[PDB]
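Containing mmCIF, C-alpha atoms and all ligand atoms: coords13.cif.
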data_entry
loop_
_atom_site.label_atom_id
_atom_site.label_comp_id
_atom_site.auth_asym_id
_atom_site.auth_seq_id
_atom_site.Cartn_x
_atom_site.Cartn_y
_atom_site.Cartn_z
CA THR B 700 -119.15 -9.33 -43.77
CA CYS B 701 -117.25 -12.46 -42.78
CA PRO B 702 -118.82 -15.76 -43.89
CA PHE B 703 -119.49 -18.60 -41.42
CA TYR B 704 -116.93 -21.13 -42.62
CA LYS B 705 -114.17 -18.63 -41.53
CA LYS B 706 -115.46 -18.58 -37.95
CA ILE B 707 -114.54 -20.98 -35.18
CA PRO B 708 -117.54 -21.46 -32.84
CA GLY B 709 -116.97 -21.19 -29.14
CA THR B 710 -113.85 -19.09 -29.65
CA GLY B 711 -112.92 -15.53 -30.46
CA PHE B 712 -111.10 -16.88 -33.56
CA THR B 713 -111.23 -16.46 -37.36
CA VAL B 714 -109.16 -18.10 -40.11
CA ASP B 715 -108.03 -16.21 -43.22
CA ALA B 716 -110.51 -13.37 -42.54
CA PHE B 717 -108.66 -10.14 -43.21
CA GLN B 718 -110.87 -8.50 -45.92
CA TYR B 719 -113.88 -7.76 -43.68
CA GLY B 720 -112.32 -5.09 -41.44
CA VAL B 721 -112.82 -5.54 -37.71
CA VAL B 722 -114.83 -8.77 -37.21
CA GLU B 723 -117.18 -8.46 -34.21
CA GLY B 724 -115.92 -10.70 -31.42
CA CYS B 725 -112.60 -11.77 -32.92
CA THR B 726 -109.67 -11.68 -30.41
CA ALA B 727 -107.15 -13.50 -32.68
CA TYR B 728 -106.83 -13.71 -36.47
CA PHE B 729 -105.29 -16.93 -37.80
CA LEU B 730 -103.46 -16.96 -41.21
CA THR B 731 -102.89 -20.42 -42.71
CA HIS B 732 -100.43 -19.40 -45.51
CA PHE B 733 -99.11 -16.43 -47.51
CA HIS B 734 -101.38 -16.45 -50.60
CA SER B 735 -103.28 -13.26 -51.47
CA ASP B 736 -106.84 -14.72 -51.55
CA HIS B 737 -106.12 -15.60 -47.91
CA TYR B 738 -104.18 -12.57 -46.66
CA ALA B 739 -106.45 -10.00 -48.48
CA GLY B 740 -106.57 -6.88 -46.28
CA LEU B 741 -103.43 -7.27 -44.12
CA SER B 742 -100.95 -4.34 -44.23
CA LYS B 743 -98.63 -2.22 -42.04
CA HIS B 744 -101.75 -0.60 -40.50
CA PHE B 745 -103.21 -3.85 -39.03
CA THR B 746 -103.24 -3.77 -35.19
CA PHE B 747 -104.92 -7.04 -34.11
CA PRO B 748 -102.96 -10.17 -33.26
CA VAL B 749 -102.09 -12.50 -36.15
CA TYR B 750 -101.18 -16.10 -35.46
CA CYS B 751 -99.23 -18.11 -38.09
CA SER B 752 -96.11 -20.20 -38.82
CA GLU B 753 -92.57 -18.75 -38.59
CA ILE B 754 -92.33 -18.53 -42.44
CA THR B 755 -95.73 -16.83 -42.92
CA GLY B 756 -94.40 -14.42 -40.21
CA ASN B 757 -91.20 -13.57 -42.09
CA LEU B 758 -93.38 -12.73 -45.11
CA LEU B 759 -95.90 -10.55 -43.20
CA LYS B 760 -93.02 -8.63 -41.66
CA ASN B 761 -90.85 -8.16 -44.75
CA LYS B 762 -93.33 -8.17 -47.66
CA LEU B 763 -96.51 -6.55 -46.23
CA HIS B 764 -94.68 -4.58 -43.50
CA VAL B 765 -96.94 -5.72 -40.67
CA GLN B 766 -95.43 -4.58 -37.35
CA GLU B 767 -93.46 -7.06 -35.30
CA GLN B 768 -95.66 -6.61 -32.22
CA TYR B 769 -98.82 -7.92 -33.98
CA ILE B 770 -97.10 -11.04 -35.44
CA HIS B 771 -97.28 -14.20 -33.35
CA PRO B 772 -95.33 -17.11 -34.96
CA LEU B 773 -95.97 -20.65 -33.52
CA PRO B 774 -93.81 -23.78 -33.85
CA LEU B 775 -95.38 -26.69 -35.70
CA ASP B 776 -96.25 -29.98 -34.02
CA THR B 777 -96.44 -28.33 -30.61
CA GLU B 778 -99.37 -27.80 -28.19
CA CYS B 779 -99.72 -24.00 -27.61
CA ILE B 780 -102.27 -21.93 -25.61
CA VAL B 781 -103.85 -18.89 -27.33
CA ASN B 782 -106.43 -16.79 -25.35
CA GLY B 783 -107.09 -19.88 -23.22
CA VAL B 784 -107.62 -22.36 -26.07
CA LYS B 785 -105.22 -25.16 -26.94
CA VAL B 786 -104.00 -25.17 -30.52
CA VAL B 787 -101.57 -26.99 -32.81
CA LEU B 788 -100.13 -26.11 -36.21
CA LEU B 789 -99.44 -28.99 -38.65
CA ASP B 790 -97.73 -28.90 -42.05
CA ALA B 791 -100.32 -28.62 -44.84
CA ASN B 792 -98.05 -29.85 -47.74
CA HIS B 793 -99.16 -26.77 -49.75
CA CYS B 794 -96.61 -23.81 -50.22
CA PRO B 795 -93.80 -22.84 -47.85
CA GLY B 796 -95.08 -22.00 -44.34
CA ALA B 797 -98.55 -23.28 -44.99
CA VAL B 798 -100.32 -24.87 -42.01
CA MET B 799 -103.41 -26.77 -40.88
CA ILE B 800 -104.82 -25.79 -37.43
CA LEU B 801 -106.22 -28.05 -34.70
CA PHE B 802 -108.53 -26.33 -32.19
CA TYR B 803 -109.33 -28.05 -28.83
CA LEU B 804 -112.52 -26.22 -27.71
CA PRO B 805 -113.17 -25.81 -23.95
CA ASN B 806 -116.38 -27.96 -24.19
CA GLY B 807 -114.43 -30.93 -25.63
CA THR B 808 -115.11 -30.46 -29.32
CA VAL B 809 -112.07 -30.91 -31.61
CA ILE B 810 -111.87 -28.96 -34.94
CA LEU B 811 -109.43 -29.33 -37.90
CA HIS B 812 -109.05 -26.46 -40.38
CA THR B 813 -106.92 -27.73 -43.31
CA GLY B 814 -106.40 -24.34 -44.85
CA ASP B 815 -105.07 -25.10 -48.33
CA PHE B 816 -103.51 -28.64 -48.40
CA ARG B 817 -102.31 -31.56 -50.44
CA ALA B 818 -103.42 -34.55 -48.46
CA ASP B 819 -100.80 -37.20 -47.87
CA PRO B 820 -100.68 -40.52 -46.11
CA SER B 821 -97.85 -39.13 -43.92
CA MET B 822 -100.49 -36.96 -42.32
CA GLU B 823 -102.01 -40.14 -40.85
CA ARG B 824 -98.95 -40.22 -38.44
CA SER B 825 -99.05 -36.58 -37.29
CA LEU B 826 -100.63 -35.57 -33.94
CA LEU B 827 -103.98 -36.20 -35.69
CA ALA B 828 -103.65 -39.88 -35.00
CA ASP B 829 -104.20 -39.55 -31.24
CA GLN B 830 -107.87 -38.37 -31.02
CA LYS B 831 -111.18 -37.84 -32.59
CA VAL B 832 -112.21 -34.81 -34.74
CA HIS B 833 -115.78 -33.58 -34.66
CA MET B 834 -115.62 -30.92 -37.42
CA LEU B 835 -113.44 -30.62 -40.48
CA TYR B 836 -113.03 -27.37 -42.45
CA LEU B 837 -111.82 -28.87 -45.75
CA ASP B 838 -110.02 -27.51 -48.83
CA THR B 839 -112.30 -28.88 -51.54
CA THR B 840 -110.55 -27.27 -54.54
CA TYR B 841 -110.55 -30.54 -56.62
CA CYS B 842 -113.43 -32.47 -55.02
CA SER B 843 -114.60 -34.25 -58.18
CA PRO B 844 -113.34 -37.55 -59.61
CA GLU B 845 -112.26 -36.04 -62.90
CA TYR B 846 -109.51 -34.19 -61.02
CA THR B 847 -106.56 -36.55 -61.36
CA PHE B 848 -102.91 -35.63 -61.69
CA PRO B 849 -99.51 -37.23 -61.07
CA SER B 850 -97.27 -37.11 -58.00
CA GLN B 851 -95.02 -34.12 -57.53
CA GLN B 852 -92.03 -36.52 -57.79
CA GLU B 853 -93.17 -37.70 -61.30
CA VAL B 854 -93.71 -34.18 -62.62
CA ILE B 855 -90.29 -33.02 -61.37
CA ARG B 856 -88.67 -36.09 -63.02
CA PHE B 857 -90.35 -35.09 -66.31
CA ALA B 858 -89.12 -31.50 -66.01
CA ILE B 859 -85.52 -32.38 -64.97
CA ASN B 860 -85.06 -34.79 -67.94
CA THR B 861 -86.74 -32.42 -70.44
CA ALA B 862 -84.52 -29.48 -69.47
CA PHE B 863 -81.28 -31.55 -69.27
CA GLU B 864 -81.81 -33.17 -72.65
CA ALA B 865 -82.66 -29.80 -74.42
CA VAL B 866 -79.67 -27.96 -72.98
CA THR B 867 -77.21 -30.81 -73.64
CA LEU B 868 -78.33 -30.79 -77.33
CA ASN B 869 -78.10 -27.00 -77.39
CA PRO B 870 -75.76 -25.33 -74.87
CA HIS B 871 -77.04 -21.94 -76.04
CA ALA B 872 -80.65 -22.62 -74.89
CA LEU B 873 -82.22 -20.66 -71.98
CA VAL B 874 -84.69 -22.22 -69.58
CA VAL B 875 -87.42 -19.96 -68.21
CA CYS B 876 -89.92 -20.80 -65.41
CA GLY B 877 -93.13 -18.87 -64.60
CA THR B 878 -94.21 -17.85 -61.08
CA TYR B 879 -96.86 -15.53 -59.46
CA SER B 880 -96.87 -16.41 -55.77
CA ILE B 881 -94.94 -18.58 -53.33
CA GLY B 882 -95.20 -22.38 -53.80
CA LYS B 883 -93.89 -24.88 -56.41
CA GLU B 884 -90.24 -23.73 -55.88
CA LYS B 885 -89.09 -27.27 -56.40
CA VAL B 886 -89.69 -26.88 -60.19
CA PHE B 887 -87.13 -24.16 -60.80
CA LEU B 888 -84.75 -25.42 -58.08
CA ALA B 889 -84.67 -29.01 -59.39
CA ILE B 890 -84.03 -27.85 -62.96
CA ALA B 891 -81.21 -25.43 -62.00
CA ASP B 892 -79.58 -28.09 -59.87
CA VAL B 893 -79.41 -30.61 -62.76
CA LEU B 894 -77.85 -27.92 -65.04
CA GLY B 895 -75.34 -26.70 -62.40
CA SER B 896 -76.70 -23.12 -62.51
CA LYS B 897 -78.25 -20.77 -59.90
CA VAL B 898 -81.75 -19.47 -60.57
CA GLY B 899 -81.85 -15.82 -61.59
CA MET B 900 -84.78 -13.54 -60.77
CA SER B 901 -85.92 -9.98 -59.94
CA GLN B 902 -85.09 -8.26 -56.65
CA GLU B 903 -88.74 -8.48 -55.50
CA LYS B 904 -88.73 -12.30 -56.04
CA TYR B 905 -85.24 -12.86 -54.47
CA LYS B 906 -86.57 -11.06 -51.39
CA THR B 907 -89.62 -13.31 -51.23
CA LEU B 908 -87.47 -16.47 -51.47
CA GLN B 909 -85.08 -15.03 -48.88
CA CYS B 910 -87.92 -15.30 -46.27
CA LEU B 911 -88.54 -19.02 -46.68
CA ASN B 912 -85.93 -20.86 -44.46
CA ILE B 913 -84.81 -22.96 -47.44
CA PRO B 914 -81.47 -24.70 -46.63
CA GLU B 915 -78.46 -23.48 -48.61
CA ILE B 916 -80.59 -20.91 -50.51
CA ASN B 917 -77.68 -18.47 -50.93
CA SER B 918 -76.09 -21.27 -53.04
CA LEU B 919 -79.18 -21.70 -55.29
CA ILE B 920 -80.57 -18.24 -56.28
CA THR B 921 -79.29 -14.85 -57.46
CA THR B 922 -80.23 -11.46 -58.92
CA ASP B 923 -77.45 -11.47 -61.55
CA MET B 924 -79.31 -12.70 -64.62
CA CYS B 925 -76.17 -12.87 -66.76
CA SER B 926 -74.51 -15.56 -64.66
CA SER B 927 -77.64 -17.80 -64.72
CA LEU B 928 -79.22 -20.13 -67.33
CA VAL B 929 -82.45 -20.75 -65.44
CA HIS B 930 -84.52 -17.51 -65.24
CA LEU B 931 -87.81 -16.89 -63.41
CA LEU B 932 -90.42 -14.53 -64.76
CA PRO B 933 -94.00 -13.54 -63.91
CA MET B 934 -96.42 -16.15 -65.12
CA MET B 935 -98.13 -13.54 -67.32
CA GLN B 936 -95.00 -13.13 -69.35
CA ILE B 937 -94.94 -16.94 -70.25
CA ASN B 938 -96.17 -16.68 -73.85
CA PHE B 939 -94.59 -16.43 -77.34
CA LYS B 940 -94.59 -12.56 -77.19
CA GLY B 941 -93.27 -12.27 -73.64
CA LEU B 942 -90.43 -14.74 -74.17
CA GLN B 943 -89.25 -13.28 -77.54
CA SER B 944 -89.04 -9.95 -75.77
CA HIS B 945 -87.09 -11.42 -72.83
CA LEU B 946 -84.72 -13.19 -75.25
CA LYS B 947 -83.87 -9.91 -76.96
CA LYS B 948 -82.72 -8.71 -73.51
CA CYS B 949 -80.07 -11.44 -73.07
CA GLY B 950 -77.83 -9.92 -75.79
CA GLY B 951 -77.23 -12.86 -78.16
CA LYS B 952 -76.12 -15.11 -75.31
CA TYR B 953 -78.99 -17.48 -76.18
CA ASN B 954 -80.77 -18.65 -79.37
CA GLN B 955 -83.56 -20.82 -77.88
CA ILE B 956 -85.97 -20.75 -74.95
CA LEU B 957 -87.51 -23.75 -73.26
CA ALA B 958 -90.15 -22.52 -70.76
CA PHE B 959 -92.39 -24.18 -68.12
CA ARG B 960 -95.82 -23.03 -66.84
CA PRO B 961 -96.72 -24.82 -63.64
CA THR B 962 -100.49 -24.97 -63.70
CA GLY B 963 -102.80 -26.87 -61.36
CA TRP B 964 -105.19 -29.21 -63.15
CA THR B 965 -105.95 -28.90 -66.86
CA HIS B 966 -108.41 -31.16 -68.96
CA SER B 967 -105.39 -32.46 -70.94
CA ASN B 968 -105.03 -34.63 -67.72
CA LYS B 969 -108.30 -36.42 -68.74
CA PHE B 970 -106.50 -37.92 -71.82
CA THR B 971 -102.70 -37.65 -71.50
CA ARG B 972 -100.02 -39.36 -69.36
CA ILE B 973 -97.29 -37.05 -67.88
CA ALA B 974 -94.83 -39.11 -70.01
CA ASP B 975 -96.74 -38.16 -73.27
CA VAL B 976 -96.78 -34.34 -72.66
CA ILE B 977 -95.84 -32.17 -75.63
CA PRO B 978 -95.04 -28.48 -75.78
CA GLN B 979 -96.52 -25.59 -77.75
CA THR B 980 -93.78 -24.43 -80.13
CA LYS B 981 -93.27 -21.34 -82.30
CA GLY B 982 -89.83 -21.06 -83.89
CA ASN B 983 -87.01 -21.20 -81.31
CA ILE B 984 -89.45 -21.11 -78.33
CA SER B 985 -91.21 -24.05 -76.68
CA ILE B 986 -93.64 -23.83 -73.70
CA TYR B 987 -94.61 -26.81 -71.45
CA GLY B 988 -97.69 -26.71 -69.20
CA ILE B 989 -96.91 -29.14 -66.33
CA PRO B 990 -99.61 -30.24 -63.80
CA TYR B 991 -97.67 -29.62 -60.53
CA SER B 992 -100.35 -29.41 -57.91
CA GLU B 993 -100.27 -28.10 -54.31
CA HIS B 994 -103.92 -29.16 -53.66
CA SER B 995 -105.29 -32.72 -52.97
CA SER B 996 -106.41 -34.83 -55.93
CA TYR B 997 -109.92 -36.27 -55.58
CA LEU B 998 -108.55 -39.62 -54.40
CA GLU B 999 -105.97 -38.13 -51.99
CA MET B 1000 -108.80 -36.10 -50.48
CA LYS B 1001 -111.15 -39.06 -50.22
CA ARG B 1002 -108.52 -41.23 -48.57
CA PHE B 1003 -107.68 -38.60 -45.88
CA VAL B 1004 -111.32 -38.00 -45.06
CA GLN B 1005 -112.23 -41.70 -44.82
CA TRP B 1006 -109.17 -42.12 -42.52
CA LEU B 1007 -110.11 -39.13 -40.28
CA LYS B 1008 -113.87 -40.00 -40.14
CA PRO B 1009 -115.08 -36.53 -39.07
CA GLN B 1010 -118.61 -36.08 -37.66
CA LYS B 1011 -119.34 -33.04 -39.85
CA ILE B 1012 -117.58 -31.57 -42.93
CA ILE B 1013 -117.65 -27.84 -43.82
CA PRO B 1014 -116.16 -26.99 -47.30
CA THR B 1015 -114.08 -23.87 -47.78
CA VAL B 1016 -113.73 -23.85 -51.59
CA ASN B 1017 -116.31 -23.93 -54.42
CA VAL B 1018 -119.00 -22.80 -51.94
CA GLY B 1019 -120.51 -20.08 -54.18
CA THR B 1020 -122.95 -22.21 -56.20
CA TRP B 1021 -125.77 -24.56 -55.40
CA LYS B 1022 -124.55 -27.09 -57.97
CA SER B 1023 -121.03 -27.22 -56.33
CA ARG B 1024 -122.39 -27.53 -52.79
CA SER B 1025 -124.78 -30.28 -53.84
CA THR B 1026 -122.06 -32.17 -55.73
CA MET B 1027 -119.69 -32.06 -52.76
CA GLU B 1028 -122.34 -33.25 -50.18
CA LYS B 1029 -123.09 -36.23 -52.45
CA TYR B 1030 -119.42 -37.25 -52.41
CA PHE B 1031 -119.25 -36.82 -48.62
CA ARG B 1032 -122.27 -39.16 -48.24
CA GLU B 1033 -120.71 -41.76 -50.61
CA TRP B 1034 -117.40 -41.77 -48.68
CA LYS B 1035 -119.16 -42.15 -45.35
CA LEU B 1036 -121.38 -45.02 -46.60
CA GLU B 1037 -118.41 -46.78 -48.20
CA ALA B 1038 -116.26 -46.59 -45.04
CA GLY B 1039 -118.94 -47.19 -42.33
CA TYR B 1040 -118.54 -44.08 -40.10
NI NI B 1101 -103.25 -21.36 -51.39
#

For this file, produce the structure as C-alpha cells.
Amino acid sequence: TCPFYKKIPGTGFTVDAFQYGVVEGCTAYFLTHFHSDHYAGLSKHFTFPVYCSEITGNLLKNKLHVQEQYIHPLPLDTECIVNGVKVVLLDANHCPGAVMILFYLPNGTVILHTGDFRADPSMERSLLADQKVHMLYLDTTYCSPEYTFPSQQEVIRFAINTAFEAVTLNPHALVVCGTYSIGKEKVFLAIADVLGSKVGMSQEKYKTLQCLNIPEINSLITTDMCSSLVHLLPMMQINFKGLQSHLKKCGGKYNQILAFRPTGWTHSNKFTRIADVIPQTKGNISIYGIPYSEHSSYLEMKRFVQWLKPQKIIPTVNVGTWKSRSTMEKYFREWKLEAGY
C-alpha cells in the first residue's frame, strides 16, 4: 500500500509509486529519475501512463522495455497540461534526467516535489522565483548538520590531479572507477579526458550511457577494454580481491591499479579536508573513497528552504523512525524562526 507522501492531494497523481501495483484513483504515475528505489515495479508489462523527462524515457524504453505508448516525456522549464492540471519539470541537479515537479492544483494550491536533488543557488532563478509554494515534498537524505561535504568541482579537481600524477609517474598504471547506477559520470569522464583515453566498460553499461543525451559521447566511451586506460566496474568489485582479479585479465599490460569509489557522505568528512584524503593501499593497488554527492548538504538544503519559505514541509527520506522525524521537524522549526516566515 502506497504511503501518503507519494500522493498528490486533489489530483489523480502519484510520484515514484510503482511497487504498490494499481493505486486506487491514480490516473498518471510520475517518475522523477531512473534509480531503482524509485522505479521499483516498472517493467514491459506496465500499462498506465508514466510521465517523466526525455532521458528517464529513453531508459524506461531501452533498459526496462516499457512500451512506447505508455511513456510520456515532457520538456523541462515548460508549462504542460496533464489530465487538466498544469505542471512543470525542473532540473533536480541529481543524476542524468532527474527532475523536480511543480503542481498547480485547480483550487490554487502550489506544490513542489523535489524528488532526489542537490540544492543549488541557481535554482533560485528557475520558474520557482515567480510564485508562492504552499507544500514542499523534500529530499531530506542529509538533513543533519554533521552532513558536510565539498563541492562537486573540488572533488573532481582532486580526482583529476591524483590520476594524472599517478599515471605520469607510472605509464603502466590502470585507473578503475566504480559504478552501480546512473549519476556521477563526471568522475570517470573528467579523469579519462585528462589522460587522453576513452572510458571502457561492459556492454550493459555502454547501453545505459548511450541513453543519456551526453554531447560527444561516442568520442568518450567504448566497449573495447584493450584500447582504454580508464575502466569502469561494478562498485562491488572495488576491493583488493576484485581489482587483483581484474588486473590478471589485462594480460601484463598494467602493473598497478589506482581505483576510485564515489561514495556519498562518510564520517571521515567530520575530520578530513578533501585535500588531505589518503588511499587504502595493498601492494600495487590503491583505492580512494571520494565524497562526490548528488544530494543536498545540510547547509545547501537549509538555504533553499529558507529562500522558498514553504507553508508546510513533507519529508520523503528518513521517514521510517520516530527519532528521524522528530529531528527533522526541529530543524524545520529552527529555519523558519531564523528566517521569519
Ligand atoms: Ni536517487

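Considering all atoms listed in the file, the residue among B:1004, B:707, B:797, B:998 positioned nearest to residue 1032 (chain B) is B:1004.
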
### Residue with smallest distance to ligand NI 1101 (chain B) - pool B:760, B:1035, B:994, B:981, counting only C-alpha atoms and all ligand atoms
B:994

### Message
So that I can see what lies close to residue 911 (chain B), please list as a list in words the residues with an atom at most 12 Å from it, counting all atoms listed in the file and leaving out residues fewer than 3 positions away in the same chain.
### Response
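After dropping sequence-adjacent residues, the list is residues 732, 733, 752, 753, 754, 755, 756, 757, 758, 759, 761, 762, 794, 795, 796, 797, 881, 882, 884, 904, 905, 906, 907, 908, 914, 915, 916 and 917 of chain B.
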
Test item: residues at most 12 Å from residue 879 (chain B), only C-alpha atoms, excluding those fewer than 3 positions along its chain, as a compact mmCIF listing (two decimals) with C-alpha atoms, in the coordinates of the input:
# COMPACT_ATOMS: atom_id res chain seq x y z
CA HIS B 734 -101.38 -16.45 -50.60
CA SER B 735 -103.28 -13.26 -51.47
CA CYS B 876 -89.92 -20.80 -65.41
CA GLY B 882 -95.20 -22.38 -53.80
CA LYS B 883 -93.89 -24.88 -56.41
CA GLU B 884 -90.24 -23.73 -55.88
CA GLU B 903 -88.74 -8.48 -55.50
CA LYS B 904 -88.73 -12.30 -56.04
CA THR B 907 -89.62 -13.31 -51.23
CA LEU B 931 -87.81 -16.89 -63.41
CA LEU B 932 -90.42 -14.53 -64.76
CA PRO B 933 -94.00 -13.54 -63.91
CA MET B 934 -96.42 -16.15 -65.12
CA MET B 935 -98.13 -13.54 -67.32
CA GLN B 936 -95.00 -13.13 -69.35
CA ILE B 937 -94.94 -16.94 -70.25
CA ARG B 960 -95.82 -23.03 -66.84
CA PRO B 961 -96.72 -24.82 -63.64
CA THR B 962 -100.49 -24.97 -63.70

### Residue nearest residue 823 (chain B) among B:918, B:912, B:700, B:1005 (counting only C-alpha atoms)
B:1005

### Task
With a distance cut-off of 7 Å and only C-alpha atoms, select the neighbouring residues of residue 991 (chain B), excluding the residue or stretch itself and same-chain residues fewer than 2 positions from it, and output the selection as a count of residues only.
7

### Message
Under the rule that only C-alpha atoms are counted, which of B:1024, B:871, B:947, B:885 is the nearest residue to residue 919 (chain B)?
### Response
B:885

Around region 954-965 of chain B, fit a box with edges along x, y and z, padding it by 6 Å on each side, then list its centre and edge lengths in Å to one decimal as AutoDock Vina command-line options.
--center_x -93.4 --center_y -23.9 --center_z -70.4 --size_x 37.2 --size_y 22.6 --size_z 30.0

### Message
For residue 837 (chain B), find every residue with an atom within 12 Å (counting only C-alpha atoms), except residues of its own chain fewer than 2 positions away, and show them as JSON, numbers by chain.
### Response
{"B": [704, 705, 791, 799, 800, 810, 811, 812, 813, 814, 815, 816, 817, 818, 834, 835, 839, 840, 841, 842, 994, 995, 1000, 1001, 1003, 1004, 1007, 1009, 1011, 1012, 1013, 1014, 1015, 1016, 1017, 1018, 1027, 1031]}

Pull C-alpha atoms from the residues just selected and write them as a short mmCIF file (atom, residue, chain, number, x, y, z; two decimals), in the frame of the given file.
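This went into out_5.cif:
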data_model
loop_
_atom_site.label_atom_id
_atom_site.label_comp_id
_atom_site.auth_asym_id
_atom_site.auth_seq_id
_atom_site.Cartn_x
_atom_site.Cartn_y
_atom_site.Cartn_z
CA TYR B 704 -116.93 -21.13 -42.62
CA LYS B 705 -114.17 -18.63 -41.53
CA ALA B 791 -100.32 -28.62 -44.84
CA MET B 799 -103.41 -26.77 -40.88
CA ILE B 800 -104.82 -25.79 -37.43
CA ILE B 810 -111.87 -28.96 -34.94
CA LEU B 811 -109.43 -29.33 -37.90
CA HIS B 812 -109.05 -26.46 -40.38
CA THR B 813 -106.92 -27.73 -43.31
CA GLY B 814 -106.40 -24.34 -44.85
CA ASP B 815 -105.07 -25.10 -48.33
CA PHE B 816 -103.51 -28.64 -48.40
CA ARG B 817 -102.31 -31.56 -50.44
CA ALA B 818 -103.42 -34.55 -48.46
CA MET B 834 -115.62 -30.92 -37.42
CA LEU B 835 -113.44 -30.62 -40.48
CA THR B 839 -112.30 -28.88 -51.54
CA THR B 840 -110.55 -27.27 -54.54
CA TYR B 841 -110.55 -30.54 -56.62
CA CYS B 842 -113.43 -32.47 -55.02
CA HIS B 994 -103.92 -29.16 -53.66
CA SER B 995 -105.29 -32.72 -52.97
CA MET B 1000 -108.80 -36.10 -50.48
CA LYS B 1001 -111.15 -39.06 -50.22
CA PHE B 1003 -107.68 -38.60 -45.88
CA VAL B 1004 -111.32 -38.00 -45.06
CA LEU B 1007 -110.11 -39.13 -40.28
CA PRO B 1009 -115.08 -36.53 -39.07
CA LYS B 1011 -119.34 -33.04 -39.85
CA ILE B 1012 -117.58 -31.57 -42.93
CA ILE B 1013 -117.65 -27.84 -43.82
CA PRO B 1014 -116.16 -26.99 -47.30
CA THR B 1015 -114.08 -23.87 -47.78
CA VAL B 1016 -113.73 -23.85 -51.59
CA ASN B 1017 -116.31 -23.93 -54.42
CA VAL B 1018 -119.00 -22.80 -51.94
CA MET B 1027 -119.69 -32.06 -52.76
CA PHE B 1031 -119.25 -36.82 -48.62
#

### Message
Could you check the closest approach to ligand NI 1101 (chain B) for each of B:983, B:742, B:926, B:992 and tell me which residue wins, using only C-alpha atoms and all ligand atoms?
### Response
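Smallest distance to ligand NI 1101 (chain B) is found for B:992.
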
### Query
Which residues, written as JSON, numbers by chain, have at least one atom at most 12 Å from residue 967 (chain B), with all atoms listed in the file counted and residues fewer than 3 positions away on the same chain left out?
{"B": [845, 846, 847, 848, 962, 963, 964, 970, 971, 972, 973, 975, 976, 977, 988, 989, 990]}

### Task
Choose the residue, out of B:716, B:798, B:891, B:784, that has the smallest atom-to-atom separation from ligand NI 1101 (chain B); count all atoms listed in the file.
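Of B:716, B:798, B:891, B:784, the one nearest ligand NI 1101 (chain B), counting all atoms listed in the file, is B:798.
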
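Picture a line from CA of residue 783 (chain B) to CA of residue 747 (chain B); it runs 17.0 Å.
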
#### Entry: Point-to-point distance from CA of residue 890 (chain B) to CA of residue 996 (chain B), Å rounded to tenths
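According to the coordinates, CA of residue 890 (chain B) and CA of residue 996 (chain B) are separated by 24.5 Å.
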
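Distance-wise, CA of residue 720 (chain B) and CA of residue 739 (chain B) end up 10.4 Å apart.
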
Dump N, CA and C atoms of region 717-730 of chain B from the given block, as a PDB file, in the first residue's frame.
ATOM      1  N   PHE B 717       5.549   2.848  -7.896  1.00  0.00           N
ATOM      2  CA  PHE B 717       5.435   1.768  -8.847  1.00  0.00           C
ATOM      3  C   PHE B 717       5.552   0.394  -8.200  1.00  0.00           C
ATOM      4  N   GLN B 718       5.687   0.303  -6.874  1.00  0.00           N
ATOM      5  CA  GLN B 718       5.864  -1.005  -6.203  1.00  0.00           C
ATOM      6  C   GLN B 718       4.617  -1.416  -5.416  1.00  0.00           C
ATOM      7  N   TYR B 719       3.488  -0.766  -5.678  1.00  0.00           N
ATOM      8  CA  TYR B 719       2.263  -0.976  -4.913  1.00  0.00           C
ATOM      9  C   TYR B 719       1.144  -1.506  -5.809  1.00  0.00           C
ATOM     10  N   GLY B 720       1.500  -1.969  -7.007  1.00  0.00           N
ATOM     11  CA  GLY B 720       0.513  -2.353  -8.013  1.00  0.00           C
ATOM     12  C   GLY B 720      -0.360  -1.185  -8.409  1.00  0.00           C
ATOM     13  N   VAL B 721      -1.604  -1.475  -8.771  1.00  0.00           N
ATOM     14  CA  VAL B 721      -2.544  -0.442  -9.194  1.00  0.00           C
ATOM     15  C   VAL B 721      -2.933   0.361  -7.961  1.00  0.00           C
ATOM     16  N   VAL B 722      -2.651   1.673  -7.958  1.00  0.00           N
ATOM     17  CA  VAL B 722      -3.003   2.542  -6.824  1.00  0.00           C
ATOM     18  C   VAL B 722      -4.391   3.105  -7.062  1.00  0.00           C
ATOM     19  N   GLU B 723      -5.303   2.949  -6.102  1.00  0.00           N
ATOM     20  CA  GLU B 723      -6.713   3.333  -6.318  1.00  0.00           C
ATOM     21  C   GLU B 723      -6.758   4.825  -6.562  1.00  0.00           C
ATOM     22  N   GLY B 724      -7.295   5.202  -7.717  1.00  0.00           N
ATOM     23  CA  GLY B 724      -7.526   6.609  -8.039  1.00  0.00           C
ATOM     24  C   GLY B 724      -6.473   7.287  -8.904  1.00  0.00           C
ATOM     25  N   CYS B 725      -5.333   6.629  -9.100  1.00  0.00           N
ATOM     26  CA  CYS B 725      -4.227   7.212  -9.840  1.00  0.00           C
ATOM     27  C   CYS B 725      -4.404   7.107 -11.367  1.00  0.00           C
ATOM     28  N   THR B 726      -4.541   8.270 -12.007  1.00  0.00           N
ATOM     29  CA  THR B 726      -4.653   8.391 -13.488  1.00  0.00           C
ATOM     30  C   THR B 726      -3.307   8.675 -14.249  1.00  0.00           C
ATOM     31  N   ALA B 727      -2.272   9.046 -13.489  1.00  0.00           N
ATOM     32  CA  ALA B 727      -0.948   9.297 -14.041  1.00  0.00           C
ATOM     33  C   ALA B 727       0.111   9.090 -12.965  1.00  0.00           C
ATOM     34  N   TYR B 728       1.140   8.322 -13.354  1.00  0.00           N
ATOM     35  CA  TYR B 728       2.253   7.940 -12.498  1.00  0.00           C
ATOM     36  C   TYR B 728       3.484   8.748 -12.904  1.00  0.00           C
ATOM     37  N   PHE B 729       3.945   9.616 -12.004  1.00  0.00           N
ATOM     38  CA  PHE B 729       5.134  10.428 -12.273  1.00  0.00           C
ATOM     39  C   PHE B 729       6.384   9.667 -11.802  1.00  0.00           C
ATOM     40  N   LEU B 730       7.458   9.725 -12.606  1.00  0.00           N
ATOM     41  CA  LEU B 730       8.798   9.174 -12.227  1.00  0.00           C
ATOM     42  C   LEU B 730       9.871  10.261 -12.281  1.00  0.00           C
TER      43      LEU B 730
END
